[PDB]
Each structure stands twice: as C-alpha cells, then as structure tokens.
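Quick notes on the structure that follows.
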Amino acid sequence: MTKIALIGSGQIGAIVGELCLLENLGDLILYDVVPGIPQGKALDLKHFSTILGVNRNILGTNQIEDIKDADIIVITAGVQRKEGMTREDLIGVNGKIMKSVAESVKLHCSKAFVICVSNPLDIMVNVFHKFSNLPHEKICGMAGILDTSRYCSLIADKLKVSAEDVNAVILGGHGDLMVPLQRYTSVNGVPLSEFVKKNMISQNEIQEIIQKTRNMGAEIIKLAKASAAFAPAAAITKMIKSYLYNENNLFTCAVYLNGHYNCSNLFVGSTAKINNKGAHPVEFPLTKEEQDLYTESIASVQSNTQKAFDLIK
Amino acid sequence: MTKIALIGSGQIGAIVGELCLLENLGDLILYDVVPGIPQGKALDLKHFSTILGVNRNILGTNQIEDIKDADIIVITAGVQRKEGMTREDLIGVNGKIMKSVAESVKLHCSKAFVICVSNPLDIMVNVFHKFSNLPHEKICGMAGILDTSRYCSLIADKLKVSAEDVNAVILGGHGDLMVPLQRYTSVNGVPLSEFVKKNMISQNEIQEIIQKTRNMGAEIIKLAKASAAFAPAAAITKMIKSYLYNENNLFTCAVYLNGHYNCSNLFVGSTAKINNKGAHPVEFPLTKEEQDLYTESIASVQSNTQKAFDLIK
Amino acid sequence: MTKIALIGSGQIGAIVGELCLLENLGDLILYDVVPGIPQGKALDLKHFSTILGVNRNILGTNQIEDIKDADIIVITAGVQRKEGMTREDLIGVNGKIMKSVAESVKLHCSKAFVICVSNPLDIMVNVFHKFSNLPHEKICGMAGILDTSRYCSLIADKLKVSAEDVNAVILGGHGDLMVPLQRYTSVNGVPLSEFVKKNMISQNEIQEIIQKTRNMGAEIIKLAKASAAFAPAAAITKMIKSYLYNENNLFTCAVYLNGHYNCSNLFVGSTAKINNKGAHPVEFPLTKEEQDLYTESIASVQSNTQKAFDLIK
Amino acid sequence: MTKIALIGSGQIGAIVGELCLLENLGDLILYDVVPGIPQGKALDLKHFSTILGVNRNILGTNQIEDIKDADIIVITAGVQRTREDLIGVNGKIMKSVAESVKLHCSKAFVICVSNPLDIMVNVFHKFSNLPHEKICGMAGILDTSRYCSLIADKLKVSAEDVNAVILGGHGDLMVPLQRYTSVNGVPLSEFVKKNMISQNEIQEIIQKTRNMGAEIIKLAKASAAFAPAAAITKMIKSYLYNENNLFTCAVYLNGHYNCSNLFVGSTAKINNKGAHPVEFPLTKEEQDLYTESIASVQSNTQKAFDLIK
Amino acid sequence: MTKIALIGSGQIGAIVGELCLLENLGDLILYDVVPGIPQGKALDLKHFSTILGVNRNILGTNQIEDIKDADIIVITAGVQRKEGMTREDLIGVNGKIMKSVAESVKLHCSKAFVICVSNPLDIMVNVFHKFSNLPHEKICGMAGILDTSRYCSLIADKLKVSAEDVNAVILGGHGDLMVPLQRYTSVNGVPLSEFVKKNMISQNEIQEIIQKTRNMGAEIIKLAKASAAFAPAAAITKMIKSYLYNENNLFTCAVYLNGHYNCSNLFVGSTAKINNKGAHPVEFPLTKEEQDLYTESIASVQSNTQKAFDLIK
C-alpha cells in the first residue's frame, strides 16, 4: 500500500527505486520531465523484479499529478555537476527546478515525507521548504550519511578494520566546509582517540582523511566521468526505511535547525533522528572549536541560500 | 576468498558488482579499458558497501593482469546499440573487442567460469570460445533469463497473477528469432494451456506477448534512450550464484550445443543447468514445429557467427 | 505501522515471528495462554533484532485484548500430535480452543486477515470461520505450501536439479488424502511428464515420492520427536507477504470453496491467490480421475468438520 | 563448497543452521549424539530451504566422522542449566568433542557455545590440539546486544547503531564499558551530559544485562536460543567472508590486558585466519574489574581440568 | 431436442405442460401412475398445440422408463391437502411416493435437472435428494416464487401500482414460518421503506399482507375447493426457463444450503440463482432479527424432514 515517488529518473532515482524494490519498501512511482525515460526504466525494473521475486507495483510517468498520495518523495530532479564545477555552480539552474517541484508537491501530496537530493544539497532543501508549504520536520536532505560513509570507509582502511561498525558524526553543509568530529568517531564503540594513543593512526593521517572526504564527490566525478550514484541511493534508502518503519535512527542529514547549535531558521547538515513523524534535530554538546567550525559552515549555507532565493527572481 | 572480475565497468557491470556485494558473492575486480572509470565506480561501491554493512574487497583497475585467479568473469566490454540499430550491427566492432578479451583471459585466468554479455550475445559467446581456449562448459552467455523474465512478466500481468512463480523456456538466439514455448510455460506449476481453456488468456493475446518480448530490448532503448541495465545484471547474478553455490538450476542461456536439438558445435540460447563445473545443455522433447522454429533461429546464429569470424580479419 | 498477531507462542509462532522480523513485515504481538512464555520469547527476539539490525516493535502478552487492530493473525494455539497419533485425533481438544480464539478475534479485531495453522488443519479453519463471523476470503489455513515444498523437494532430489524452480499443485486436505498433480508439476517451466519421457524419473519413483510426501509430517515427528516447525513457519510467512504486499501469488492453501471443484461451503486445500483483499479460490480444469480423487479428499474434510462441530457441544 | 558442522542439534544449533541457510553460508552437517533428532531437523530444514529458495545441502547425522573437512564447527553439545556438576558434566562432553575434532577435521574454525562458556573454550583448546586463533567462544556479542538494546530503549533511539564493548567472562563478572559505548558514533557520556539518561539508569541496565540469561530462563522456561544463534552466525560470517569485524568473544589472550595463556571474553577481530585479540587502553579501574573477571575464569578453568579426572 | 418430463399429470403438471408448449421450451413427456389419464391430457394438449401453432412433441405415458434422457423433470406426484389440513399432514403418504419417484429418476435419467413440487414442499425435496443420488445443485423445489408473487401482488394492490416490477425476497419453508423481507422488497427499484416514509403504506398494513401471504394457500383451498394450480405452474415454468436458457436468474426456491445462513445439509427455501448447471444458493447479509426468524423456519424444516425419513421405514 505504501507509495514511494521518485521525482527524477536519473541514475540515483533508478537505483533508489531498485533498492526499494529489493526490500519491498513500497510501490514505485518513477517521474521525470523527459518523455519516455521513466517508462523505459520502469520496464527494466519490472523485469528485474520478476527475476528476483519482488512483486511491488512500478509506474513510469511524465504526469506529475501521479505523485498523488505518495507517502515518500525523493527529489533528484536537476542538473548534476561536471568536472571542474563546484556544487554551488548549479545554484541558478537547480533552484528554479526545485521551486517548480516544491509547487507540485504542494498541490498534489502535502502529507508526504520529502527527501531532497539535488545539489547544492543544503541550499536546495531550503528552497524546497520555502515554496512547498510543508511542515519543516517533513523535509530533509540526504548528505551526511554519504559523507560519513566516505570518512568511515577511509578510517576503516587505515586501521585495518571492518567499516561495518565504524561510526561518525559529520556536521555542516555538504561541501568543503563539512566538520567531521573526531570525538564522535567510534570503532564498534571504541573512540577514535584510543587508536591515536595506541599509535595505530596519527593526527596527520586523520586530517588527510578529512581532506579526501571533502573532495570525494569531485574525485569520483574526475575518475568515473559521472557523479556518485550507488552510495547516494543507499543512503536515501536508509532514510526512507527509518521513516516508514518508525526506526528513530540517529543520522546526519540536512534538517531544520531551530535554536540548535546557535542556529535557527535554516536547513543544514546536522545530527537528527528520523521516525514516523519526520526528521528531528538533536543537539549535542560541542566544544568551542567544534562549534566555531560548524558555525562557519552554517554561514556559507546561509549566504548561498540567500543567493539562491535572489537568483530565483 | 572468491574473486569476481567484471570486464567492462559500464552500467551492467557496475550494477552486477552492486548485486554481488549485496549477497556477499565475492571480492570484485572492476576492469575497464578507459582510465579512471573503474577506480571511481569502485569508490562509489565501497561507500555503498559501508552504508549497507557489506565488507567485500573492491578494486577498480585498468590493468587487465589484475584479472588473475578470478573465479568468475563477466564480460560487458563493447559498444551498445542505439535507436534504429539491430544487435547484429555491432558485429564488426564488438567481435574485435571480444577476441582481445578472450586473449587476455587465455593468458591470465584460464580456470574461470565466463559469462559473456556483449551484443549480439550468442555470436559474441562463439567468438570468445574460439580465441579463449577454455573448455566449452566454462563459457556461456546470459540472455534467456532476461527474455524469459520479460515474457513471464507480461504473462503474469495479463493473468492478474504474481510474476514470482511464472516460469518459461525460451530457446534460441537473443534476437527476433527467439522461440518462447507455450508448452513449457507454467504458473506455479499449472501449464499456460489451462489458463487458455479457462478463457483467462487467448492465443492472440499470447502471440501479442511473444511479439512484445522480441522487441522489448529495442522498446526500452527507444523509451529510456539507453539499453536495459537492471534486469540484465540480475540475470547475470543469478547465473553467478548458480555456479558459486553449485545450485544446478535449470535456465535458458547461450551454451555449447553438441548433438542437442539437432545442433552441434555452436553456442546458442538453450535449456541448460549451471553448477560448480559450468553450463551443461539439457535436451527436452520438442514437437516438429517447435524444433523447426528453433533450427531456424540456430541458422541465423550460425550465419552471423561465420560473418563475425570473417569480419575479424 | 503493520501489526502481526501470533496467537500461540510455541515453536511455529516464534519462528514466524523471527522470519517477520527478518523481512521487517511488521510489529509483533506474541500471545499465549501460558503466563511468562510470550514475554520471554519476546525478550529473546528483541535481542535477536538488535544483533541483526531490525527495529520493529515486539510485545509478549497473556492479555488477548492486545490483539486489537492486528492486520494479520496467525493461529497456532492448540495441541500438537505425538508419535502414533493422526492429526484427526486432535479434533476434540483443538476444536474447542479454535472456537475460543474465533470468539476473541470476533470481538477484538474483526478486520484482520487470519492464517490458521492448528491441526487437523482444514477442519480447524472451518471451525474458526463458523465462530469468528469474518468474511470467508479473510480466513485461510496453511498446508499446501508445506506439502508442496516436500513433494517438490523430493522431485528435485531425484532429478538432480535445484528445488528452486520446481513447482507443483497439491489439492485437498492436509492429510493422507492429498492429491499431488503430476500434470501441474514443472521444473522451471518444463512439465514433469517430459522428464518421464526422457527416462530421468519413472512413474513408480513418483508414486514413492507421493507416499513420502503424505507421511512426511509423521516421519519428522518420529525422527525429531517434535513436529516440523521451520518449514511451516516459512510457508506462513510466504502467505503473510502475499497479503501485506498485495502480491497476488498463486498457492495451495485451505480456502473457502464456493462452486469450485464441485464443492461449496467448505474450507479445504485448493488452488488460491492471496492479495490485499484475502484468499480467493481459482478453479483449474481437472481430469475426471483427478477430480474424483479430489472429491474423495473433500468428503473426509466434510465428515470430520461435521464431527468437529458435533464434538464442540 | 563451504561445510558448516553443528555439533549439537538442539535449539541453538538448529536456528544457527536456519540462519546459515538464509544467507547461503554453506552446506550444513547437523550432528547430535541422540539418534533420529538431527535427521528430523534436517528434513524440516530442507523443506524450509525449498519454500525460501535456498539450495544448500543439509545432512543430519549421528556419525561424528561426517564432520570431516568442515570449514566451520559450532559446538552447542552439552547440558543447559551443583555448579561443579555443570562445569562437571559439560567439561567431559567438551573434551570428547575436542578429541573428535582433533582426528576428523583439524583445519576447522571452531566456535564453542556450551556453558560455562569461557571455561569450556579453554577445555576445548586443551584436548583439541588446534591453533589458538582457530578457536573461540561466543558470548560478548550476546551480552552486548542485550546491553545495547536496553540503552537504545532508554534513549528512544534505534538499537541499529548502538555499539559497545563488554569485556570478561560470560557471567556475573562482565565488564560493560561506558567509555566504549556509542550511538552512531556519539559517546554515551554525551547523552548523560544532555540528561537523556542517568548514571543510575545505566547501572540498572548493566544489572539487567548480567541477569538477562537467567530472566529469560525464568520467563520462557528455556534458555535463550534466537539471539545466541544470530551472534554465532555473525561470527561465522566474519570468518567465511574475511570481514575482519571487531567483536567481543572468548579468545586466546597472550600478553593482552595483563593476561596470558587463557581464553576469556575480550575485544577481537575475526577474519580468514581466525580470532585475533586486540588490546585497547583501559583505565586502572576498568582494568582492575577486567582482571577480577579474568581471575574467576582462571580458577574455574583449573577446577574444570581437575574435575575431568 | 430438449425433453421435459412431468412426473404427475394433475392440474399443475398439465398446466406446466401447457406453458412449456406456449414458449416452445421442449418436447413433453406426461407421466402418471393412473392409466389413461396422461394419454388423454396429451391428446388435448396436441389439439391445443395445433390451434396455437406450436409443434413440439407430446407423449402421454404410464411407463416411467419413458422418462429416459429427460433434460428436465417436474414432480407433482402425490396427494394434495384438503380444507382444514396442513401441508405437513401429507408427510406420511407423499414421502413414500417421493422416494419411489426418486428411485425411478436414479435409474432412468440421472443427468436431469429436477424441480420438486409435492407437499410439504421443502420436506419432499429433502426426501428426493436422499433416495435419488443426484448432485444437490441439480435438485430444487418451487415455492418462493409463488409466495413472492402473492406478497408482491398484495403490496402492489395497496400501493396502487403495477405488480409487474414489484420484487421481493421470501426466505424459509413453504409454510406458516415464511420470512418475507421488507428490506429486500422494491417497486421498480425503489425500496418499500420509501413508501412507508411517504405514508403510502403502514407497518401494520404490511404485517396484514405478510399474514395473507402465509395463509394464501389455505384460503384458495377454502374458496376454490382445490389447491392453486395456475400460479404454481407459472413459477415452475420460470425455473425451467432459467435452467434451459442459462439465465442465471435470482429467485427464492428450495435449495441445498451448505454453510449459508448458518445452515448446512438441508434443502430449504432460500435465495438462489438458476442456470445451466442447476440451482446455487447465494447468501445475503441478514440482520440478527431476520436471521433469527429464518433459523426458526429452518428448524421446522429440519424436524419435519427427520419425521419424514422416520415414517418412510
């Protein structure tokens, strides 16, 4: 009975649709502006479903009114960046697209939970909130689960441990101003600081890893000639799951801050829980230095958001 | 310990890599000729693995010698057809690529099981056997599972039943001369003929379905502007699973015929079992009319396979 | 949000609860009459859930009113048979228990889909219908999927093939009068009759297999000193999945016949589809000899159902 | 091709077999001393495998020589449950199983589960003649799942990414480490500062973790079976897929945590080559508690060897 | 080619034969035990046929073997009640006659559809089923259509409307325990309850009408000194037409209940469809009070049916 609407049928959207089918999360509605594309991917997904013994319904469509009564909305519509570009270079063209999608969600399914993925991520979440007229808890963006996966992955490789239970908090905008928190990094519970004391990893090695984490999105673009699609989709699917199954998992994602971390009235990457009712920020006690870094990331997001609202007229 | 080598890091390869990681089938070796592309898709797949709690090793490489000691080899290297083209139009350019891959497999990992996917499928399997010097049971091509999934999917939709236990045999080349067998179609055990007698489906509706099955590959190209990727990858994975886990499953795939179905010395789509030791054809009793249709399909594959050998000089 | 209520917290109920947690099918309500048993198994299941990263809610209870608003009800309450006993020997004691459970479902959650499992299976489904006041499509019993799995498993072994795509129809009561249909047995689409023509299996070997399928329930009791628990639970879970996910799968189960197969006003093992709306019988064209065997099975179920109603006063 | 041998076909063994089938880990060999039991559970399990589309091979047997060439061995043989009788009755059984593994499949990776856990792992090592990295016992994972589950409930969070380290014997002398408890990376101490949980609530949780195994016996009238089996599976997975995951399990210490020549619950990585201990920097107070748990295990292990004559 | 056999050539049988001729329903076989009577009525009916241009064959006979290969059988054999008698007073004499007719139908034309009319109706249908060995859907009794005509006729008179499209359901035995359903009474689609709201008829007037409907059979006997013949024949002919022409019309008639309306293993007046395959009960949702009344009627039929079986030894 659950309806999952993918607004954008590109790489990310299709794989999200594929992952949703694998766990039987819901019926799919594959929407795109370009005719034929969602219908074709829907056909390929049905044949996939038939081989793997999944039976959920899959509808490829160019009529955005088919998004009606979606329980979940994943928004990937928009352009992606190429080599040499920053995420922020998409601000002009994607803001306009995000506004249009916001206006459509507003009239067709105002009760949905909305996961935004168009870049630049934090900014585009703010745009969606402005024109959608949905409650702020019902809107979020994925990024932090992606950036955390890259940072944990690298930490795991340097410590010669499984990535499976390397956990971390990354605060701030999905960009060059991310703030990975060493204090809030653990390896199956054990703080990262223990592994520095045991000489298994050095402060310099960690700064190196933080740098690779920041650039990773660009590095994949450079190597693969396309932007990361599998990891983003997995992250998204994890956030859909936490909503549908009322799991109340504690992630980083772009969420409405409201007095938390000295910030108010802005969607930005932060610690949050996701459950039945949406995405709910949680404030943890930062050090002065940590908070100072975070606030600096928050300032860019503020600026670039305003820039976006301006460029939309 | 199992090594799975994906020769070709395009759409199909990457998704196959994805599905192998989801079931922990083995460590991945992502190979492509184009520099950077495998390394980037490996990075994205690592991050995907970290988020889903899979821990297998993933290596993106341009050095084909990294394929050494692969247990499994999936070949997608080659060009894909565009709108208006037939699969057979690729014969010239893909034959040459398949030969080169054959030669590399020959010197680097002669003990592997080899699933060919490059088009036109049956033809390219015959090229790979010629220049690879591997036993014929250790080589096959995936197609029948994809064509079957399409046909069964359509049968299921018309009968208002789950596709989950709709099974069927499609013989012949992956092309316009497929031979779907009504007699060998069942719905959780019940032959298709019972549903015609019960007036739940008509002989004309079935012929319509057979036509859509034949043209499906082209239809997806037309709609999606790219060829099918998810369903092919799922089919491939199913054949990998049947080899690794010695399952002895009965599929249709491009296999070496040797006195079966009045055919010898040719890889062509047929009923086969896959296990530990490779792909083994099985002959079932066809009617005169069925065999005639099958022989006709076999003839095209014969011709076009000769053409492919000729055009390689 | 989905609530799955297990009326009976023995072996079968707990394993069904386990499988439902593995696929995230819903929140569990474990009910039993015996104090402390459901609470303890619930604790074990929560810890199991923690290890495997499942997060659904699990409540062990002795208050049957906790069953309120269950979407799904699985009934295993009742006594199981020992060595030397038939399923029919339980008629007296389990009929009374089934009536009590029927009455409780009637007042506490009349909108649920109800899978009966207490023996003798077909008879107890009829008892539940009588005292529950639920629509007949919302009530069924699992047996045919179990018997079919046994018969298909044995056929697969003899043919040296994967059981994975061996499908079959078994009609009739869950007992010595089952009617496995050779005509409706296939191996990945290929009818069983093709394998007899190819001399891979004989008519005698098939009769032997039918006999083992009939006695299997008793043979496991003899060997294991307890009745089968894992396969029953898997079957049950497969029917739950078909209902929750609106799959419309075609099984055999105990279902309300209404002019189908010359039978009316009786729950008995038959071919049926399960979807959103419940269990719906489907009639396939039987031969005279097949229908005669089926009618004979139906007659026992008739007699024994009457016996059960009589013994309830 | 992988062969998984379940020495003991009771509740735990069967469910382990069930979980192995669900992930296609390997062919099963179900062994028990009682005739008929394994054959019957094997039949059920084949039917279960048919319904769920798994195809691995399952053999029920009473001939221990069928254990030959097992890549993995899970030992649940023994009685569940005067303590000098437990340690008394199961020590003898464990020795007999050790001897059999010695002659029939010396290359196997061995997970011991018979109680009292730690003690019995040490008995297995003494009479099996297998390398010490190839032997371990599951217990930590189970105690950690209980503790993390309770923490998660109190904090109103998913248990999914609550991780923790619990050191020491599987018993009243467990040492849960608050410092090594996190919630998707965030240390438990941040939640006490935020007043989402109190030090007393934690001590309460530690106590319930210690008594859990008894509480389930009391309530269910049988010992826990589903969680133990999941734990065991998780270790099997880490070995077969060379995952190198960091668990707490009973493992051979050798200069780690001031302890040498003993199997005891400790932080370890499991891969292709077996279980390998890893030492983390404990505080004095933490190490003191851990040493105390290690002393019991020492004493009782001696007791066990003594009672075996 | 259709053969219609009238077992009993009294008033009803002859008139049924007349109506069947008028609509060309089939060739007639007029059977009676009394010599000469069927031959003489057959002569009169031939001459009737000649005048009205009907050309079906008509055979008057005392040899019951002439009933062979009848497609339809109408049983009016038996004694009719006089003034002061109930229908139940015939139980002794007619039960024995019905059994004898049952035995004859059994050996001479087991494939026929059988409409029983001898009184007391419901009881005598049950006797025929017991000794005939015919499927229960191939046996029914006419009564409800008669009682309905009477009730509808009286409703029409009081509302000053055509009886033509006044329809109703009357459940239960053909006797003093009939249950006419006000809820299931309509005037060309408009429920009876609309006419009470409009003050065109009162609840008391309706109860009066129900009473006259119950006693109508006796009132005609008192006035005409013979029992009703024209209406019974018309009703019978309507049930013949529905069978021959596969009309699937929804009547009330004595039909085999099998879990419908909390009743099993008894022929009693109920809602049913008549088609090619026979008479098939249909259960509609009754109120508690309606069902209670119906059950009470079913109880008498039960008792008297037992009485009938007893008196037959």
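Here Cβ is always computed from backbone atoms with ideal geometry, including for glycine, and neighbour counts include all displayed protein chains. Taken together, the values in this text are just the output of simple stated rules run on the coordinates, not laboratory data.
Details
- Residue among B:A233, B:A156, B:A70 with the largest mean-square fluctuation in a Gaussian network model of chain B, springs linking Cα atoms under 10 Å: B:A156
- Distance between the modelled labels on E:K288 and A:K111, one decimal in nanometres: 3.4 nm (7 Å Cα→Cβ projection).
- Taking amide hydrogens as placed 1.01 Å from N in the peptide plane, the amide H of B:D27 sits under 5 Å from those of B:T2, B:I4, B:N57, each at least 5 positions away in sequence or on another chain.
- Inter-probe distance in nm under a simple model that places probes 7 Å from Cα toward Cβ, at E:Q211 and E:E296: 1.6 nm
- Rh by Kirkwood over Cα pairs, then Stokes-Einstein D for the protein assembly as shown at 1.002 mPa s and 20 °C, µm²/s: 58 µm²/s
- Förster radius 35 Å - calculated FRET efficiency between C:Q63 and A:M1, Cβ distance, rounded to 0.05: 0.80
- Database remark: amide H of C:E247 closer than 5 angstrom to the amide H of C:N276 (H placed geometrically; neighbours at sequence offset of 5 or more, or on other chains; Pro and chain starts carry no H).
- When the trypsin sites (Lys or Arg not before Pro) in segment B:204-294 are filtered for DSSP coil states and for at most 11 other beta-carbon atoms within 10 Å of their beta-carbon, no site remains.
- For chain D, a Kirkwood hydrodynamic radius built from all Cα pairs, placed in the Stokes-Einstein relation at 20 °C and 1.002 mPa s, yields a translational diffusion coefficient of 108 µm²/s.
- Taking each residue as 0.36 nm, the span from C:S303 to C:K225 lengthens on full extension beyond its C-alpha to C-alpha distance by 25.1 nm.
- Degrees separating the helix C:11-22 axis from the principal Cα axis of chain C, which is the longest one: 80 degrees
- FRET efficiency for E:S100 and D:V79, using Cβ-Cβ distance with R0 set to 51 Å, rounded to 0.05: 0.10
- Backbone phi angles across segment B:28-34, fed through the Karplus curve with coefficients 6.51, -1.76 and 1.60 (θ = phi - 60°), yield HN-Hα couplings of 9, 10, 9, 10, 8, 5, 6 Hz in residue order; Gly and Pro are listed as x.
- Each Cα pair under 8 Å and six or more residues apart adds its sequence gap; the mean of these over the residue count of chain C is a relative contact order of 17 percent.
- Ascending count of other beta-carbon atoms within 10 Å, so fewest first, for A:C263, B:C152, D:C136: A:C263, B:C152, D:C136
- Segment C:169-223 and segment E:180-197 have their alpha-carbon centroids 56 Å apart.
- Helix-only [θ]222 nm of chain C, DSSP H runs n ≥ 4, -39500 (n - 2.57) each, per residue, nearest 500: -15000 deg cm²/dmol
- C-alpha long axis of helix E:91-108 to longest principal axis of chain E, angle in °: 50 degrees
- Within segment C:110-199, trypsin sites (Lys or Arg not before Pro) in DSSP loop having at most 16 other beta-carbon neighbours inside 10 Å: C:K111, C:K160, C:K198
- Rounded tilt (10° steps) of E:144-159 against the dominant C-alpha axis of chain E: 40 degrees
- Across segment B:302-313, rounded Karplus estimates of 3J(HN,Hα) from the backbone phi angles (6.51 cos²θ - 1.76 cosθ + 1.60, θ = phi - 60°) give 3, 4, 5, 5, 4, 3, 5, 4, 4, 5, 6, 9 Hz, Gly and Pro being marked x.
- Sequence-separation-based contact order of segment C:144-313, relative, with Cα cut under 8 Å and 6+ spacing, percent: 22 percent
- For segment A:117-126, putting each phi into the Karplus relation 6.51 cos²θ - 1.76 cosθ + 1.60 with θ = phi - 60° gives couplings of 10, 2, 8, x, 4, 4, 4, 5, 4, 4 Hz, in residue order, rounded to whole numbers and with x for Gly and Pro.
- Each of C:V34, B:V169 was scored by other Cβ atoms within 10 Å of its Cβ. Arranged with the fewest first, they read C:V34, B:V169.
- GluC sites (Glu not before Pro) within segment E:182-279: DSSP coil, no more than 16 neighbouring Cβ in 10 Å: E:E247
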